[PDB]
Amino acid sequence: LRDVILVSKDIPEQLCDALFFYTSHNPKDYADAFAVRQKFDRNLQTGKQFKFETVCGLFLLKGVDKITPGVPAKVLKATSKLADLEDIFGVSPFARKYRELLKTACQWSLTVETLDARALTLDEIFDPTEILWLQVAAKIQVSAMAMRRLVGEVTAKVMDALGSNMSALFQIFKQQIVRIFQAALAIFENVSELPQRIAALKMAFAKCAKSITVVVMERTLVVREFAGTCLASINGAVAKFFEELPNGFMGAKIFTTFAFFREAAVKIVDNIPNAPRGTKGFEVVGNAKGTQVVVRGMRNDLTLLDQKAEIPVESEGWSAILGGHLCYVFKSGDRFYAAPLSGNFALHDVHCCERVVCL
């Protein structure tokens, strides 16, 4: 017969934040934090009793609207203060710092630059866990400021994923991340939209809290994790630069020492060892789809037609040097085909071949 704290479903974001910030939960990363705060906000709206593990022990809460009169309960209303809260829950050291951050917003939220400086410096007052909760706060003005820190982390993981080999490319930098995050995080611009842009951005920072995976699709690099988020537009602008890139051997896109086929990126290497001088080949980089094959030996009795097949790569074949490149070549019924090859990996950009005609 414990006390069930009745908490008004309409409580303001800041109050909601202070209540939630009693949580004992130790958040794994932004994904976990986001998951935990989302469950809790949902629980509150169901208006069903449910549990709340705090740093003052376990309480039970229940979201309400109009309170049925009588059975004197303890109630957190829309107009309650930190004080009313502390009367019920005790003191949360975190909540108190949060009351403090709010108090100083009148300074740090003045402009982009104040917002950035409060963000960058934030760990001077909060530890990693409390930071992550700030980054999922309901109060827009706090979450938007705190999230600023995540751009740096995410930007970084992006380069790392792209490896050294692709650093030159990163120089999609400014027109990138920078502006996209900027637009997405902007606090003064098209407001009233802000509540929604901020909620999309939490979702998106959750989506990629955990890892960043670069793949190749349709001859573009794409960051899987931005794919169904408001951060897609970075995948889009990258696609657009790939789009405009020059077409090359077997229908790939050329940039630098690299080639970008349907579903994989390879570096082109001049004079691949162990073939004639001037023979070129391919070396897969990063994540590739293709077919593990067997190369029985070299044959030179084929010509590459300018023309695609859209058929299964056979798992045993030969190498053949076509258009100056070491390719994989296979037979399929009476017909021949060629494909890009790296080591014993065949990519699926299948082109038709003809056996040579004699005089």
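We number the residues from 1 along the sequence you see.
Stretches compared: 54 to 62, 317 to 325. Higher mean C-alpha B-factor in the entry: 54 to 62.
Of the two segments, 172 to 180 and 113 to 121, the one listed with the higher mean B-factor is 172 to 180 (C-alpha atoms only). Reading the B-factor column for the CA atoms of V295, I311, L44, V36 in the entry, the top value corresponds to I311. Considering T229, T279, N165, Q135 together, the PDB entry gives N165 the largest C-alpha B factor. In this PDB entry, the Cα temperature factor of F241 sits in the top third of its chain's modelled residues, the highest group. Annotation for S143: CA B-factor lies in the lowest third of the chain's modelled residues. When the modelled residues of the chain are ordered by C-alpha B-factor, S332 sits in the highest third. The PDB entry assigns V214 a C-alpha temperature factor belonging to the middle third of its chain's modelled residues.
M250: CA B factor in the middle third of modelled residues in this chain (values from the PDB entry).
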